[PDB]
Amino acid sequence: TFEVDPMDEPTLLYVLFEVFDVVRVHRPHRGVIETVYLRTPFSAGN
Amino acid sequence: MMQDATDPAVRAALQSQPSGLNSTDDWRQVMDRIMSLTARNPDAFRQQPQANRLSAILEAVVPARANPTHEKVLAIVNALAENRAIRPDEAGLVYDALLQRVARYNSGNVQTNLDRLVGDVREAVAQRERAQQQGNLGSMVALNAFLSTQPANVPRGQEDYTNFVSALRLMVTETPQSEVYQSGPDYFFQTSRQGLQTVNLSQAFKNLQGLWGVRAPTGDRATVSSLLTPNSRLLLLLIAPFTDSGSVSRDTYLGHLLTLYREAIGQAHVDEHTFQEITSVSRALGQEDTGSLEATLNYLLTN
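Those sequence lines, one after another, are chains B and M. Start counting the first sequence at 904; every next residue gets the next number (PDB author numbering). Start counting the second sequence at 1; every next residue gets the next number (PDB author numbering).
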């Protein structure tokens with residue numbers, strides 16, 4: 904239930920939800936990278 | 001107390017597998033820790049934050065398969081570094097060249113051998129490390145070539161040399177470390193120290209084959225025995241802390257000089273205990289006492 908001071912110009916109310924996105928840099932072989940990312944509070948990960 | 005060469009299968013494990021808590025491998029250690037059964041403090045799992053508390057439960061109650069290959073293949077390649085099958089800078093190639101080899105052959109009977117070979121190669125480090133302390137292995141085989149090529153038991157002048165046969169064999173058995181009977185040139189030669197400051201020829205010893213039994217003058221260096229080369233003289237002083245009684249001390253210098261080689265050692269260890277005291281007493285003298293060495297010279301010359 905947002906409320907702002909009177910609007911005049913068309914503006915986007917930029918709202919951030921504090922999410923959590925982390926990597927991990929794998930190297931089983933020299934030269935070969937195994938990639939896995941995870942944004943958890945946004946249904947993302949693995 | 002000291003250790004053997006830092007276990008080669010464990011050095012590579014040290015650098016790969018988890019340290020504190022491997023929840024699958026140390027399962028009944030984590031399970032003991034989470035059940036409040038640990039004797040240090042029981043409720044160390046209760047007072048911890050709730051989220052990492054749950055991370056210990058999910059991982060221990062359901063054991064998760066952790067990767068074992070990279071602590072098994074590296075266990076070979078780091079043993080290859082300790083057994084010196086590869087150079088230390090070669091750890092980038094052979095680690096992955098065999099990993100690329102098992103990438104092609106992950107799944108034959110070969111890797112079932114590999115882990116049995118892991119226990120074999122790690123033992124080969126421990127076998128050789130105890131074997132390099134006794135450098136007899138690259139010495140006795142070399143002496144076998146010396147005994148075969150050199151004509152054995154032929155003193156038809158006079159025989160005192162039968163005792164000398166064992167005297168060279170005693171040098172292999174007593175001191176083994178740096179004592180390598182190297183066969184570089186065709187003449188055999190023995191090194192005594194790690195840096196080889198008395199490595200004379202055992203074929204300069206071929207000068208003694210005519211001098212195995214000659215007449216003795218009197219007690220001063222002989223009228224004949226000046227022929228004995230400082231090369232062979234270096235060998236006979238080196239066998240002197242090994243064999244003394246056996247060779248006739250009254251018939252030729254094989255024995256008379258060998259007893260006199262003990263006179264050189266006999267003065268040396270006395271003067272060693274003499275020098276370790278006068279140098280130690282430098283607070284009350286306050287000078288560069290070369291008289292410690294001048295008395296050593298006087299105790300050898302004026303006799």
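For every residue, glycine included, the Cβ atom is placed at its ideal position computed from N, Cα and C.
Presumed contact (8 Å Cβ cut-off) between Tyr187 (chain M) and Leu201 (chain M), rounded CB distance
Indexing the second sequence from 1 puts residue 187 (chain M) at position 187. Indexing the second sequence from 1 puts residue 201 (chain M) at position 201. About 5 Å separates the beta carbons of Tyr187 (chain M) and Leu201 (chain M), which is inside the 8 Å limit, making them a contact pair.
Where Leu99 (chain M) meets chain B, residues with beta-carbon distance less than 9 Å:
Counting from one through the second sequence, the residue named residue 99 (chain M) turns up at place 99. Neighbours of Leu99 (chain M) on chain B, chain order: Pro931, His932 and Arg933.
Amino acids of chain B, ordered along the chain, whose beta-carbon sits closer than 8 Å to that of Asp32 (chain M):
The residue labelled residue 32 (chain M) in the question sits at position 32 within the second sequence. Within chain B, no residue has its CB atom less than 8 Å from the CB of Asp32 (chain M), the nearest being about 29 Å off.
Which term fits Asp160 (chain M), buried or exposed, when burial requires 16 or more other beta carbons within 10 angstroms of its beta carbon?
To locate residue 160 (chain M), count along the second sequence from 1; it is residue 160. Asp160 (chain M) should be labelled buried.
Neighbourhood of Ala264 (chain M) by C-beta distance below 7 Å, restricted to the same chain and skipping five residues each side:
Here the question's residue 264 (chain M) lines up with position 264 in the second sequence. Excluding positions up to five away in sequence, the list reads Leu237.
Just to make sure I have the definition right: I need the residues of chain D whose C-beta is within less than 8 Å of the C-beta of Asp115 (chain M). Which are they?
Among the protein chains in the structure shown, which are B and M, there is no chain D.
Within 8 Å of chain B by C-beta, residues of the region 80-93 of chain M in sequence order:
From the region 80-93 of chain M, only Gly92 have a Cβ closer than 8 Å to chain B.
Let me know if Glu277 (chain M) comes out buried or exposed under the rule of 16 or more other beta-carbons within 10 Å of its beta-carbon.
To locate residue 277 (chain M), count along the second sequence from 1; it is residue 277. With fewer than 16 other Cβ atoms within 10 Å, it is exposed.
According to the Cβ coordinates, are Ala97 (chain M) and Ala9 (chain M) closer than 8 Å?
Mapped onto the second sequence, residue 97 (chain M) falls at position 97. Mapped onto the second sequence, residue 9 (chain M) falls at position 9. Here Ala97 (chain M) is not near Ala9 (chain M), since their CB atoms are 8 Å or more apart.
Please state whether DSSP places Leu201 (chain M) in a helix, a strand or coil.
The residue given as residue 201 (chain M) occupies position 201 in the second sequence. Residue state, collapsed to three classes: strand.
Starting from the beta carbon of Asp96 (chain M), find every residue of chain B whose beta carbon is closer than 9 Å, and list them in chain order.
Here residue 96 (chain M) is taken as the residue at index 96 of the second sequence, counted from 1. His932, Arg933 and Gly934, listed in chain order.
First and last residue of the alpha helix (DSSP H) that includes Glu294 (chain M)?
For this step, residue 294 (chain M) is matched to residue 294 along the second sequence. Annotation: the continuous alpha helix (DSSP H) that includes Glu294 (chain M) extends over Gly291 to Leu301.
Where does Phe164 (chain M) fall in DSSP's three states?
As a position in the second sequence, residue 164 (chain M) is number 164, starting the count at 1. It is helical.
Give the DSSP-derived three-state secondary structure of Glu272 (chain M) in the structure shown.
Here residue 272 (chain M) refers to the residue found at position 272 of the second sequence. Correct three-state label for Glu272 (chain M): helix.
Distance, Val125 (chain M) Cα to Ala85 (chain M) Cα:
Along the second sequence, one-based indexing puts residue 85 (chain M) at 85. Along the second sequence, one-based indexing puts residue 125 (chain M) at 125. Straight across, the Cα-Cα distance linking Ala85 (chain M) with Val125 (chain M) is about 10 Å.
Just list the residues that DSSP pairs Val935 (chain B) with in beta bridges.
Within the first sequence, the letter at position 32 stands for residue 935 (chain B). The partner list for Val935 (chain B) (beta bridge, DSSP) reads B:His932.
Cβ atoms of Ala142 (chain M) and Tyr181 (chain M): under 8 Å apart, would you say?
Numbered from its first residue, the second sequence carries residue 181 (chain M) at position 181. Numbered from its first residue, the second sequence carries residue 142 (chain M) at position 142. A contact, by the Cβ cut-off of 8 Å.
Taking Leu147 (chain M) as the reference, which of M:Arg128, M:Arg116, M:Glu179 and M:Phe189 has the closest Cα?
Along the second sequence, read from residue 1 onward, the residue named residue 147 (chain M) stands at position 147. Taking only the C-alpha atoms, the option nearest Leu147 (chain M) is M:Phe189.
Compute the Euclidean distance between the alpha carbons of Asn41 (chain M) and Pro18 (chain M), then round it to the nearest angstrom.
Position 41 of the second sequence holds residue 41 (chain M). Position 18 of the second sequence holds residue 18 (chain M). Near 23 Å, if we compare the C-alpha coordinates of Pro18 (chain M) and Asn41 (chain M).
Around the Cβ of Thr252 (chain M), are there at least 16 other Cβ atoms within 10 angstroms (buried) or fewer (exposed)?
Position 252 of the second sequence, counted from the start, is the residue given in the question as residue 252 (chain M). Here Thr252 (chain M) is buried: its Cβ has 16 or more other Cβ atoms, across all protein chains shown, within 10 Å.
Figure out for me which residue from M:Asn22, M:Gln287 and M:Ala216 has the closest Cα to the Cα of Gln158 (chain M).
For the purposes of this step, residue 158 (chain M) is taken as residue 158 along the second sequence, with counting starting at 1. Checking every option, the nearest Cα to that of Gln158 (chain M) belongs to M:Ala216.
Spatial distance of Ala64 (chain M) from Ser946 (chain B) (CA atoms):
Here residue 64 (chain M) corresponds to residue number 64 of the second sequence, with the count starting at 1. Here residue 946 (chain B) corresponds to residue number 43 of the first sequence, with the count starting at 1. For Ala64 (chain M) and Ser946 (chain B), the gap between their C-alpha atoms comes out near 24 Å.
For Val918 (chain B), which option in B:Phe905, B:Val928, B:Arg927 and B:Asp911 has the closest C-alpha, if you only look at C-alpha atoms?
For this step, residue 918 (chain B) is matched to residue 15 along the first sequence. The shortest Cα separation from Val918 (chain B) among B:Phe905, B:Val928, B:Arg927 and B:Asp911 belongs to B:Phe905.
Closest to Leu80 (chain M) by C-alpha separation, out of M:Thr69, M:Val94, M:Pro185 and M:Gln134, would be which residue?
Taking the second sequence and counting its residues from 1, the one referred to as residue 80 (chain M) is at position 80. Here the closest residue by C-alpha is M:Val94.
Rounded to whole angstroms, what is the Cα-Cα separation between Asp115 (chain M) and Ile936 (chain B)?
Counted from its first residue, the second sequence places residue 115 (chain M) at position 115. Counted from its first residue, the first sequence places residue 936 (chain B) at position 33. One Cα belongs to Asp115 (chain M), the other to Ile936 (chain B), and the distance between them is close to 26 Å.
Count the other CB atoms within 10 Å of the CB of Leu257 (chain M); is the residue buried (16 or more) or exposed (fewer)?
Sequence index remark: in the second sequence, residue 257 (chain M) carries index 257 (1-based). Classification of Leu257 (chain M): buried, given that the 10 Å Cβ count is 16 or more.
Where the alpha helix (DSSP H) containing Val102 (chain M) begins and where it ends
Along the second sequence, read from residue 1 onward, the residue named residue 102 (chain M) stands at position 102. Residues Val94 to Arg104.
Exposed or buried, which one is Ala152 (chain M) when buried takes at least 16 other CB atoms within 10 Å?
In the second sequence, residue 152 (chain M) corresponds to position 152, counting from 1. The residue in question, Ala152 (chain M), is exposed, as its Cβ has fewer than 16 Cβ neighbours within 10 Å.
Would you check if the region 46-56 of chain M and the region 927-936 of chain B touch, i.e. whether three or more CB-CB distances between them fall below 8 Å?
Flag = no, the region 927-936 of chain B and the region 46-56 of chain M do not touch.
Who pairs with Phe189 (chain M) in a beta bridge, going by DSSP?
The residue you call residue 189 (chain M) lines up with position 189 of the second sequence. DSSP lists M:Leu201 as partners of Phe189 (chain M).
Residue of B:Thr938, B:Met910 and B:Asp924 minimising C-alpha distance to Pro944 (chain B)
Translated into the one-based positions of the first sequence, residue 944 (chain B) becomes position 41. Measuring from the Cα of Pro944 (chain B), the nearest candidate turns out to be B:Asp924.
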